[PDB]
There are 2 protein chains.
Amino acid sequence: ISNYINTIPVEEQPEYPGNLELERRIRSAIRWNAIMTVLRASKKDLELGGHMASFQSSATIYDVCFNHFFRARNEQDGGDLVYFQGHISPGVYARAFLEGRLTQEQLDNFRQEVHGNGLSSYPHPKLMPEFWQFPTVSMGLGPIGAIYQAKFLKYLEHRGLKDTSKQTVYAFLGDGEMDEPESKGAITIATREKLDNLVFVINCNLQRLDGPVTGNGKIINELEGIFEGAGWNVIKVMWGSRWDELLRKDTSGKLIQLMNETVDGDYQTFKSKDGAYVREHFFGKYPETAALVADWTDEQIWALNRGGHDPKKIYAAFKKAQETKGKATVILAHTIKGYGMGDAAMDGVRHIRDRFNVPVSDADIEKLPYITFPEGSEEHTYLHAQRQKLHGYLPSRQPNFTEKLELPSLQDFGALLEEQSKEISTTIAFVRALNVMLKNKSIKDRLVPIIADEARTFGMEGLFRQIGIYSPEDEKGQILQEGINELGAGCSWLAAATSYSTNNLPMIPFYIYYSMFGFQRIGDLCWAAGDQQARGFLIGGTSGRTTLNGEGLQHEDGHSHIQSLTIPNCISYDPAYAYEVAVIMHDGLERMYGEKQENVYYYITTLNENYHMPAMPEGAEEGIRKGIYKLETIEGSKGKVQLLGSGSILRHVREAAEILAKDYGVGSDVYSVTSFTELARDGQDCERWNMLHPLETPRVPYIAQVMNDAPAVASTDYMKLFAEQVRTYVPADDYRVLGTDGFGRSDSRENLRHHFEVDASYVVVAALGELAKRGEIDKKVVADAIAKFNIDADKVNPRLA
Amino acid sequence: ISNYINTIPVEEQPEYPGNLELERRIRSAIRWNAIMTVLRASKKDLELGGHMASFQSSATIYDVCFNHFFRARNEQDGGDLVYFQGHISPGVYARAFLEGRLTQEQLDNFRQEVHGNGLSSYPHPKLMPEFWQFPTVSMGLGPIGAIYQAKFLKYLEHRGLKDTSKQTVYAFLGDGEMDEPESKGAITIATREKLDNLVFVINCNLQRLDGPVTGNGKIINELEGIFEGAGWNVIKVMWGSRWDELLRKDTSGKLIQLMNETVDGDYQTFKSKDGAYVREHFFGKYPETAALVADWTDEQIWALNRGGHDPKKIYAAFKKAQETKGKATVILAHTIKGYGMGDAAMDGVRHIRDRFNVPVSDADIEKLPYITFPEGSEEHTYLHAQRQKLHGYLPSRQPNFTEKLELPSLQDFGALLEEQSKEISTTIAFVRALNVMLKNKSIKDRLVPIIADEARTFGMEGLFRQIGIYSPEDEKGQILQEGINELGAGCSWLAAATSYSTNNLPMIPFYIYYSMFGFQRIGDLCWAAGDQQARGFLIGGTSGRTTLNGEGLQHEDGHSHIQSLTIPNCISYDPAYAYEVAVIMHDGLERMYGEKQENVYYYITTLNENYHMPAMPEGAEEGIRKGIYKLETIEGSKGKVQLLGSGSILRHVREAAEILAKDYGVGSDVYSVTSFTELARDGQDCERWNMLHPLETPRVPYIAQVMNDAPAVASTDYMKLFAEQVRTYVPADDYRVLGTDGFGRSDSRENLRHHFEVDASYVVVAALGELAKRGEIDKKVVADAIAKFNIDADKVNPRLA
């Protein structure tokens, strides 16, 4: 670490290019409106919330950027990608309002979006599709999200797809938020990939929601120590211009020592105090430092201020950071939390309008008046001039991408629709599909295959030699190999899955990984991707509780689909056959990057198990996209049941159908359920509508237009709820569901499928049991059945094992 | 960064205390049995999996620790807490077998656990409660969890609970693994908390499963750079003893430049080539270094090894780490992957046998024999001697704590069972119940309240001035403040929730944070938590999609219960009243920490909305713990319905009941549902048993005993699946479910509750719908109802909004 002083000494600091006095007036009307916006919200007394303190402290930092740095979207690129801290959004609204892009009515509807003319509390692209771009309130996601976005931009240039060199990625973070493991856990990557197009701006006010991030330490020192050692270039914006005369005449060099030794704890105690106190408790520490201020007045000393509130110091940091290459840069801005507000850390607001000199009489205030700037005024001219010099206004978002893509037709995957020679997996089918896509002239170089190291476990090697591994195995490599780091992989996937919006360059990512480590591990990011309108494919290989048989407890996935069905714009599929993988991928491609431009992303669970892949039944394509279709019906004069299966378990459900036919003369309808989740959501959409339209003609759930009323049994390699979620919509009296509830364990596939009461053996018992409960057959048949299949009816429930 | 050579010179290397030759014999047999286990497992041809290369490259490192460092559980403490590298498990099994703790039959049931006598693939306490302690196969969790396990032990000490000063926490990591954000993301905590009881061990064999961690770089300099910057004491174990004499004779330093300049990728091409090649590529770069090896033989040169394989160098690292105070230490051990595996990376097996002087004859080799050291042998004597000199063998686990806690009875929570004078929230109820627990002599100090900065939000302040905050606000502080860091908080909560087994000292933690950032954000730690048999409370505050109304998209939780019902040993609850949290909390305290010692943890979602809290009805306890109880019955002619609700929505269904009665004559049974998930499990369990017992009278699920056949309506502040999971068990032909499916947004509780279609008016419309559908009342009534209640029947589905 370096001395507790600015990185840029005054004799190396560029001359401030802007109108200081005019920017002051401008920013000040913004702090005010930002403040009016929130108070106005409070009066409503409807528990709306909203912050002011976080913004007053960083306002100047953003102001300098908005005045001399932030490039907005333009003809050549998407501009700088700014990850605005989520709690300073009213300040953005404030300036946005000044720039004339938000109405006053909208300011008043702060945190009241339901009716359509409001604004979200925080950056939420889903809710404000043309304004916000990057979801940041969930602390920690912003930092790592910006790192892989800056890396994705470099990716784009290196690949020759788009020159993104004029774009800079700004990640705006609080110091408190830097404790989230995701905040620094990936900063080493900024060095490996040399992201000199990335700048972390850390607002160092020293506190969280209850005191200094580290009271008896020095957060700036901690941040400087770890980032420096991570290879980043760190710039400290510590003190305002009032300390330069002081630091200059301190020949003893004792002031610096003093600043070095004071812990974040005393600095906070100083600012809640006053000049005299500081003269005594800080300068008063050494004779040499009491003499620096020896002739100053207590007031003057109080005027001393931190770097993060001096445009000149703030400006030098961003300028310097700008001309830096080979590595990312972090700016540690030293600031005062709750700046200008003072008192509390109705009328008493005039204090701020006094601190920043707001043009409002002590009269026209009880109304919380929004301040503006009419065309022709000095402030309005300067406001827009600086923004125009910098290509426009931000934040801003473009909902759709402009170009038309020449997606491959399903016929193009016609090989995947035929019976397959050898026995393969849904993963191999998946890899083959992506290969078909790689033959398409239009989308081949737009695909972004992304793996978390196990290209081995997913048969992606055969693709290394064809499209290469991105490695700025050179900088033209198409595949993004992120290693053991699912969060980083996900951020890359998200940068790619949203390139269509950010840089009007649709890219189509396919990120394959051990399904277990999907939503469970990077879940908050997946929810945020939904928020950012991500359009990509999340491929969860080695899925299913019983299919990744040997790995066990921490790898056996029989619940990922339950987590994904929580994300509204995520479409989930658990396909059993390659022709199903092919149809689903084509449809997804069509819906997301085709004319439709539907905002939704795909999740497809694939398998590491090989078996017979039959040819796609003529006319099945639509049923596959909807979630279900009948494979066949086997005859049987002694009875009839319906059998449903998905993923790797369908074949065992078919194995059952056959058994019931031959051993008990019970016929069946065999159904392939590619997506229980979609069927459920459809089921829910039909009943929601039907309930609100009592007199109108009802909507029958797709699943009820495919199933009849004979008794049913369904089994999947996922917990029962996965198949049970469609109960309400199934048109049959009896619906039994087998599942893999319970922690996973190591064994042969055979052994696990019996342990989890999901194989043919259990499907037949279940089927027979339903016949029995309705006098169609003697219960003893069910009993003799449990006996014949080696089924221990009294072992402990798999959930408890 | 320091020169690419050992941190501890030979002149500072202490004498090696063990018998080198005798430790090599023992290790080699260990090496042999681990290989035999996997190979034998392969033969079954059941795709069981398992590793070898992983262990092969780090055995000496673990070996030095088992002979001279690892402390086993004893009477004073829980010994050293070792987070063994998941994939080196066959090796840990290999040793335990030789120490006579695991049988040959068990070793043959490697990865075949279903039937009772096998061994898990990886460290899984739930699958081997007496052997394993800490789940580590999910990369990145072990290191962070360990940093916090070390902190927790400091806490335990500081609080006067247990002298843990002799326990050392070892985290065994792969260089590939350090890319997980969670891996380095929390390292400054170890510096802040001066955790000199923590040691990170990083097997740096440069090769990640799919390739290099950095072909073009030097991952060792990366780790070092960043851990040093974080404040850690770094010890690099680069080279073996053979070089010392070399590094000395080079009074020119070139061999140091040569060492420093050479890049990982390069260093790899070596290991796999031959003598000359080295003395030609490496020592062949400078006629000052190339001279150092002028005598040597192309094979004398090629024998130079890396420090990570040399016992002497490994001991020094582990001795200096043990001596260090005031910061943690990370040992970067340089090794060679698949060490000595010759060919591959009965000829194969024949190579190792010879390569390690494995006492197996050509006559037994083809039998893939396991080696044992008879009692009386020199090997058997020294192996057990070294363990006894260290308190026993490890890993080992104590499934139950031994002491008896005198738990507060339900009556002790008396005031929370009565009607509340003041309107409060289920969160306040939680704080109050926590206060009751703080008045119980027995557990008061065994409690560990955990929070993620946000205290004020959960009105946790009163306790701060009451039991203080842990900050070595003093070292005797009880509440653990982890700041904006869910992951860290959860690890802390994990250390505390498994203290009972690791230190035979029950500690009862209550972690409250924003429900949204729970499972969604740390889900993989939560699953790992179930594997670790954690017994504790996770309090999901500010929950319910519509209730944290102003925060919007990334804060509104209407799905965490969906995420928590995937964890088998997690008991979730969504209570509506204070009397319910009281009953729930007491029941979990009793179950987890009473004589039952059930291996389960709790997840209770609490609200931030105050409202009238009625008194608990008499005899309602059981139902509250089971998941449902009829709150009350509203008589009425014209019709009968059942109304179910949970969390903050129950209050609105009860308004919906009054309105149904008053305005439509429709009578009803109103049920408070404290846990839809538990009832659901109860339903699946009865259904599971009924199918497996065809000749028995169908057992009836509890919810079905509680309700009747009347058309039912359920509404909750969570997506529809929450109350729908029990459909199969509700004994009414009509069961219509309301829920908050869809992305959250900022608005008033009321507007949101109307937007998500869950408030009073929708409960009524839905109820009337079912009365029409049936036939009982004119469908025009449900038409007017829609009109009367200002219900927009044609607005978008909240799931799509």
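Here is the naming used below: chain letters follow the sequence lines, and residue numbers restart at 1 for every chain. Scope of the values below: all heavy atoms of this structure, side chains included, with no hydrogens, waters or symmetry mates.
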Residues [X] and [Y]: side-chain donor-acceptor under 3.5 angstrom:
{"X": "B:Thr547", "Y": "B:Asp717", "value": "yes"}
{"X": "A:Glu724", "Y": "B:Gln684", "value": "yes"}
{"X": "B:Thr546", "Y": "B:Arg749", "value": "no"}
{"X": "A:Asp794", "Y": "B:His693", "value": "yes"}
{"X": "B:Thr605", "Y": "B:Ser515", "value": "no"}
{"X": "A:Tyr729", "Y": "A:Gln705", "value": "no"}
{"X": "A:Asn708", "Y": "A:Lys640", "value": "yes"}
{"X": "B:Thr427", "Y": "B:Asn608", "value": "no"}
{"X": "B:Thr677", "Y": "B:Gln725", "value": "yes"}

Does [atom1] belonging to [X] count more than 12 external heavy atoms closer than 6.0 Å?
{"X": "B:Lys780", "atom1": "NZ", "answer": "no"}
{"X": "B:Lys788", "atom1": "NZ", "answer": "yes"}
{"X": "B:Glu750", "atom1": "CD", "answer": "no"}
{"X": "A:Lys795", "atom1": "NZ", "answer": "yes"}
{"X": "B:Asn610", "atom1": "CG", "answer": "yes"}
{"X": "B:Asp792", "atom1": "CG", "answer": "yes"}
{"X": "B:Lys662", "atom1": "NZ", "answer": "no"}

Heavy-atom pair of closest approach, residues [X] and [Y]:
{"X": "B:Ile628", "Y": "B:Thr674", "value": "N-OG1, 3.8 Å"}
{"X": "B:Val782", "Y": "B:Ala772", "value": "CG1-CB, 3.8 Å"}
{"X": "B:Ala578", "Y": "B:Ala429", "value": "CB-CB, 3.3 Å"}
{"X": "B:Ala714", "Y": "B:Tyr735", "value": "CB-OH, 3.7 Å"}
{"X": "B:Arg774", "Y": "B:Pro711", "value": "NH1-CD, 3.1 Å"}
{"X": "B:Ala433", "Y": "B:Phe413", "value": "O-CE2, 3.5 Å"}

Handout entry: Donor-acceptor contact below 3.5 Å, side chain A:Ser646 vs main chain A:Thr716
Key =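 Between the backbone of A:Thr716 and the side chain of A:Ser646 there is no qualifying donor-acceptor contact (under 3.5 Å).
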
Problem - Heavy-atom donor-acceptor pair, B:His612 side chain to B:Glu423 backbone, under 3.5 Å - result: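 No; judged by distance alone, with no hydrogens or angles, the pair does not exist.
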
Handout entry: By salt bridge (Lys or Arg N to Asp or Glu O under 4.0 Å) - contacts of B:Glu678 (at least two apart)
Key =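 In terms of salt bridge (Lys or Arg N to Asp or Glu O under 4.0 Å), with neighbours along the sequence ignored, B:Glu678 is linked to B:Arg681.
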
Exercise for the section: Under the side-chain contact (heavy atoms from CB on, under 4.5 Å) rule, what do B:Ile604 and B:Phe430 come out as? Steps first, then yes or no, please. Expected result: CA-CA 10 Å; B:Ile604 308 166; B:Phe430 155 74; over 6 Å; no

Practice task
Would you please indicate if the ring centroids of B:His754 and B:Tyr762 are separated by under 6.0 Å?
Solution key: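 Between B:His754 and B:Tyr762, the centre distance is under 6.0 Å.
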
Handout entry: Between B:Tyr603 and B:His561, ring centroids under 6.0 Å
Key =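 Yes: the rings meet the under 6.0 Å criterion.
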
Practice task
Would you please test A:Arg699 and A:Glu687 for salt bridge (charged side-chain N to carboxylate O under 4.0 Å, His left out) and show each step?
Solution key: CA-CA 7 Å; A:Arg699 276 175 195 177; A:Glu687 275 244 288; over 6 Å; no

Handout entry: Nearest-0.5 Å distance, CG of residue B:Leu565 to CD1 of residue B:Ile571
Key =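 Rounded to the nearest 0.5 Å, the CG-CD1 separation comes to 11.0 Å.
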
Practice task
Dump the intermediate steps for salt bridge (charged side-chain N to carboxylate O under 4.0 Å, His left out) on B:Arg545 and B:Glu556, then the final yes or no.
Solution key: CA-CA 4 Å; B:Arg545 188 92 72 198; B:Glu556 300 183 353; 5.6 Å; no

Handout entry: Cation-pi, B:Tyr671 ring and B:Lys630 (6.0 angstrom, 45 degrees)
Key =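 Geometry flag: not set, cation outside 6.0 Å or 45°.
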
Exercise for the section: Quickly, which of B:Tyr602, B:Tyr573, B:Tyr601 forms a ring-ring contact (aromatic ring centres under 6.0 Å, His included) with B:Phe537? Name it, please. Expected result: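 Running ring-ring contact (aromatic ring centres under 6.0 Å, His included) over B:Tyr602, B:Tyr573, B:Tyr601 with B:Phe537 returns exactly one hit, B:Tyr602.
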
Problem - Parallel, tilted or perpendicular: rings of B:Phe722 and B:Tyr718 (30°, 60°) - result: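 Because their plane-to-plane angle lies in the 30° to 60° range, the rings of B:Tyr718 and B:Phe722 count as tilted.
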
